[PDB]
There are 2 protein chains.
Amino acid sequence: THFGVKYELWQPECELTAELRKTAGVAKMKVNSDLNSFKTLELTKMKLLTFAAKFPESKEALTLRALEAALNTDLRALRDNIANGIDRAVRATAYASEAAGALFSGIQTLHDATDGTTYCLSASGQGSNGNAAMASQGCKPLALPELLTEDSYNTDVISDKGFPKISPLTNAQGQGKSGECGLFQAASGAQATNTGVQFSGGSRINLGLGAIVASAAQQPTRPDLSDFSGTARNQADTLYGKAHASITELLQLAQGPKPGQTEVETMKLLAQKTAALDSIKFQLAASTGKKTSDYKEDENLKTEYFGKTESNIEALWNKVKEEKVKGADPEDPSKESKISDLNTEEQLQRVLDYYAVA
Amino acid sequence: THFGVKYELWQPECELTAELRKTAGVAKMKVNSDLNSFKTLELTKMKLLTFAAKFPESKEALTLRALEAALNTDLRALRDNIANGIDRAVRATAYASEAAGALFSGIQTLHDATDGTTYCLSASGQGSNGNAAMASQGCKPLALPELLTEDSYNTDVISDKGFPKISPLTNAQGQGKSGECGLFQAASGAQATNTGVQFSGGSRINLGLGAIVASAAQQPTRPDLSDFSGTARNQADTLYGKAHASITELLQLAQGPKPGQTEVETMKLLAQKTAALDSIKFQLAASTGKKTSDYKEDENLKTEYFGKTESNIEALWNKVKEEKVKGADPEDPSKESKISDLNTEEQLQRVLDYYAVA
């Protein structure tokens with residue numbers, strides 16, 4: 001009788017507390033890479049535009065403008081995707097954090113119902129002092145780090161199904177050391193006249209919003225939270241269920257358009273977007289007094305301009321990267337710099353203004 | 001003896017919960033306002049660019065190119081602020097939610113120590129049934145709505161100094177109705193062999209991670225969580241402190257650049273910024289093969305192009321908006337439209353591509 005709560009019950013709840021706390025970081029890491037993509041794509045569509053501003057009349061410029069119309073749809077995709085990412089990061093950080101809070105408060109109640117001699121939280125090996133392992137298992141006050149880096153949760157603690165290690169403990173197996181704790185002992189009568197909870201007429205010790213319940217004398221039970229589709233289906237609607245759905249809505253969020261490792265891949269990838277072919281057709285139609293419906297030779301157009309397996313794009317990049325252009329320096333507009341070495345939107349906006357007036 | 005917890009200790013805590021739960025909505029609107037600004041301004045930069053594409057050598061094309069260079073530093077500023085918003089928005093939701101989770105947790109516990117006759121939370125006016133008033137006061141499960149609509153925390157519930165209404169209760173003030181709850185009744189000896197907490201050796205009933213502590217039998221208390229700068233300084237590093245700190249750091253990030261109510265006001269404002277005039281000075285040196293440093297006549301340069309009190313700018317717009325431009329028909333690049341009709345970015349990227357090819 002007089003049982004502490006077993007280590008095997010509370011420890012997986014501290015381990016899950018530490019993990020849920022990772023949502024803040026994972027959540028910004030997602031939104032931050034669509035922003036980083038927009039930073040790199042912006043720079044690439046301006047190394048393509050400064051060349052096209054220099055030789056407006058050529059066909060390199062025609063192709064570079066098609067590639068730019070595709071890059072501009074890509075950037076509208078990233079920009080409008082960010083509003084979704086913000087909303088999924090915030091909700092998944094609220095549910096996950098109310099869940100890590102409730103879990104921690106519940107085990108704190110147990111840690112403080114000690115008297116220096118015996119403890120309501122048992123150690124492993126039915127040891128009495130579980131209070132001394134609490135912090136090392138992640139039940140610890142929240143102090144978010146300086147660097148919110150993190151993209152990943154350990155999938156053995158949080159996975160796509162639920163929290164795998166939160167297997168149910170039904171009665172008598174959430175029991176830790178005997179002769180330690182008087183919280184789960186049934187009152188000698190109704191609570192109006194007695195001490196403790198009577199575990200009758202619906203009286204229970206519910207700690208941590210369902211995370212440790214005892215509806216019956218001397219048996220602390222943890223719920224099944226390991227698979228909100230499979231075994232744990234009924235807990236799908238609990239705080240812990242909602243919290244898990246949020247972490248999957250979050251993890252299943254799509255990153256918007258992303259650059260390649262080099263510019264020739266970003267350009268090849270752009271060359272395959274239909275926004276590219278559409279711009280070839282519109283600019284051809286415009287330069288020759290035709291309609292855009294006069295150009296329906298799709299693959300023939302694609303091979304002329306981009307090449308089979310985009311074989312023309314490596315070379316087009318090699319042309320753009322070496323071109324010396326003017327305007328980059330703000331004091332002296334006639335100083336020339338190569339496009340490969342021009343790496344800021346301020347510089348690149350100056351070269352484009354330069355030719356716009358030149 | 002055998003008291004429930006008093007409404008004046010628990011209800012303020014339920015409302016603080018529902019208030020902290022606004023952080024999601026609030027944080028989301030702070031970042032979303034910057035994105036909506038970016039969206040509206042990018043359309044307007046397209047609309048500037050079409051007139052300048054048509055007449056690339058007017059005084060106007062110079063004026064509008066300058067205006068887009070002012071507008072471009074703004075969008076970079078807006079991108080800086082969104083990135084900075086994501087980080088503040090997620091940390092404040094993380095902290096304000098561990099706090100709401102912990103608060104509802106502890107009070108949930110008092111809720112479930114009933115037998116359907118007496119109650120461990122007292123109703124208003126020392127009544128028995130606090131259990132039925134709970135959700136109405138804010139203690140209910142987290143159900144985030146569709147459309148986190150929020151800009152408005154209530155200030156007397158969450159100030160710039162702390163959480164006002166939660167005034168310390170120190171000994172008898174937590175006690176609700178007697179002859180109701182045997183939770184705070186001392187155990188009749190060592191908890192190792194008696195029922196309850198005896199409150200010796202250091203045993204308190206610690207609920208809500210600090211929000212409801214009974215360190216002595218008969219009597220529930222609450223911290224001073226109302227001034228982490230002065231009055232409650234000691235509580236600043238608790239979860240409730242940190243939560244208050246992060247919510248405050250969130251609200252301390254200023255909104256970034258915003259459009260005017262009309263493009264005419266967006267333009268008047270841009271005329272007033274330094275990068276517009278830095279642009280004019282650049283353009284002209286580039287034309288006249290000299291340096292930007294030779295153009296020291298700031299306010300009269302400003303006068304020619306922008307106008308005294310801008311003034312001229314309002315006409316610059318009304319003349320751009322009426323201009324017939326070509327390129328906006330997907331199919332027939334010769335059909336003409338007024339720029340005040342080209343409102344998607346797809347029609348306007350087409351106009352730009354048209355004059356580039358033509």
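Compute the FRET efficiency between B:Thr1 and A:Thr1 as 1/(1 + (r/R0)^6), taking r as their Cβ-Cβ distance and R0 = 30 Å, and round to the nearest 0.05.
Between B:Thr1 and A:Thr1 the formula returns 0.75.
Charges at C-beta only: +1 for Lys and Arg, -1 for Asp and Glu. How large is the resulting dipole of the protein assembly as shown about its Cα centre, in Debye rounded to 20?
140 debye
Local charge sum around A:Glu180 (other residues, Cβ-Cβ under 15 Å, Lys/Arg +1, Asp/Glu -1)?
On the way: positive: A:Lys6, A:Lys177; negative: A:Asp112, A:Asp115.
For residues surrounding A:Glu180, the net value is 0.
Ignore the peptide's own chain and count Cβ atoms of other chains within 10 Å of each Cβ in A:21-29; give me the average, rounded.
So the per-residue partner count for this stretch is 4.
Quick one: which residues, 5 or more positions from A:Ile212 or on another chain, have an amide H under 5 Å from its amide H? H modelled 1.01 Å from N in the peptide plane, none for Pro or chain starts.
A:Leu207
Rounded to the nearest 0.05, what FRET efficiency is calculated for B:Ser287 and B:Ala132 with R0 set to 60 Å and r the Cβ-Cβ distance?
For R0 = 60 Å, the calculated efficiency reads 0.15.
Which distance in nm do the two modelled labels at B:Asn312 and B:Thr40 give, with both placed 7 Å along the Cα-to-Cβ direction?
In this crude label model, B:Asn312 to B:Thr40 measures out at 2.7 nm.
Return the long-range amide H neighbours of B:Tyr119 (sequence gap of 5 or more, or a different chain), with a cut-off of under 5 Å between placed amide H atoms.
Residues meeting the criterion, in which the H sits 1.01 Å from N, do not exist here.
How many angstrom lie between the Cα centre of region A:113-151 and the Cα centre of region B:204-249?
Using only Cα atoms to place each centre, the spacing works out to 20 Å.
Tell me which of A:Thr231, A:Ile247, A:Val320 sits at the most positive position along the dipole axis of region A:199-338, charges placed on C-beta atoms (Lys, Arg +1; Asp, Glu -1).
Most positive-ward Cα: A:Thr231.
Taking each pair of distinct Cα atoms in the protein assembly as shown once, what is the resulting Kirkwood hydrodynamic radius in Å?
Details: mean 1/r = 0.0343 Å⁻¹.
Result for the protein assembly as shown, one decimal place: 29.2 Å.
Copy-to-copy spacing for A:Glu346, label 7 Å out on the Cα-to-C-beta vector, in nm, shortest first?
3.7
How much length would be gained if the chain were fully extended between A:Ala83 and A:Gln272, taking 0.36 nm per residue of separation minus their Cα-Cα distance, in nm to one decimal?
65.4 nm is the gain from fully extending A:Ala83 to A:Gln272.
Provide an ascending nm list, one decimal, of label-point separations from A:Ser311 to the equivalent residue in each further copy; define each label point as 7 Å from Cα along Cα→Cβ.
6.5
Between A:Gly101, A:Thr118, A:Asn72, whose Cα lies farthest towards the positive end of the dipole of region A:1-145 when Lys and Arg beta carbons carry +1 and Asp and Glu beta carbons carry -1, centred on the Cα centre?
A:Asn72
Whole-Hz ³J(HN,Hα) for each residue in region B:235-245, computed from phi via Karplus 6.51 cos²θ - 1.76 cosθ + 1.60 with θ = phi - 60°, x for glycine and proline: what do you get?
My calculation for region B:235-245 gives 8, 4, 7, 7, 3, 6, x, 2, 4, 4, 5 Hz in order.
Got a sec? Charge dipole of the protein assembly as shown, +1 on Cβ for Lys and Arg, -1 for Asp and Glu; which of B:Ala135, A:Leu142, B:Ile280 is way out at the positive end?
Working it through, the farthest residue towards the positive pole turns out to be B:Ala135.
Per-residue mean of other chain beta-carbon atoms within 10 angstrom of the beta-carbon, peptide A:351-358? Walk me through the numbers on the way to the answer.
Numbers: counts 0, 1, 10, 5, 2, 10, 11, 6.
So the per-residue partner count for this stretch is 6.
Can you give the helix-only mean residue ellipticity at 222 nm for the protein assembly as shown, where every DSSP H stretch with n ≥ 4 adds -39500 (n - 2.57) and the sum goes over all residues, rounded to the nearest 500 deg cm²/dmol?
Taking each H run of at least 4 residues, the total per residue is -16000 deg cm²/dmol.
Would you mind ranking A:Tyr354, B:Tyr153 by Cβ crowding within 10 Å, fewest neighbours first? Don't skip to the answer; put the middle values down first.
Working: A:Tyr354 23, B:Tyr153 17.
Taking fewest neighbouring Cβ atoms as first place, the list is B:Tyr153, A:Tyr354.
How large is the charge dipole for chain A, taken about the Cα centre, if only the Cβ atoms of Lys, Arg (+1) and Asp, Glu (-1) carry charge, to the nearest 20 debye?
480 debye
Between A:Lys140 and B:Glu265, how many nm apart are label points set 7 Å from Cα along the C-beta direction?
Between A:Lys140 and B:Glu265, the label points sit 5.1 nm apart.
If you put +1 on each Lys and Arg Cβ and -1 on each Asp and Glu Cβ, how big is the dipole of region A:287-358 around its Cα centre, in Debye rounded to 20?
Magnitude of the dipole: close to 280 debye.
Distances from A:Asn129 to the same position in the other copies: list them in nm, one decimal, shortest first, using label points 7 Å from Cα along Cα→Cβ.
4.8
Give me B:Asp298, B:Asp224 sorted ascending by neighbouring Cβ count inside 10 Å, so fewest comes first.
B:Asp298, B:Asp224
What longest range of chain B stays clear of loop-exposed GluC sites (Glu not before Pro) (DSSP non-H/G/I/E/B, at most 11 other C-beta within 10 angstrom)? Let's see the in-between values first.
Working: sites that count: B:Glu146, B:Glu297, B:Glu322.
That would be B:147-296.
Separation of region B:252-298 and region A:299-358 by C-alpha centroid, Å?
25 Å
Roughly how crowded by other chains is peptide B:270-283, in terms of the mean Cβ count from those chains within 10 Å of each of its Cβ atoms?
Neighbouring Cβ atoms belonging to other protein chains average 2 per residue here.
When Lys and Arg each count +1 and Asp and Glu each count -1, what net charge do the other residues less than 14 Å away from B:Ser122, Cβ to Cβ, add up to?
Combined, the nearby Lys, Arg, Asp and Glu give -1.
Neighbour counts are summed over all protein chains in view; Cβ atoms, including those assigned to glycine, are modelled from backbone coordinates with ideal geometry. Bear in mind these aren't lab numbers, they're just calculated from the coordinates by the rules spelled out.
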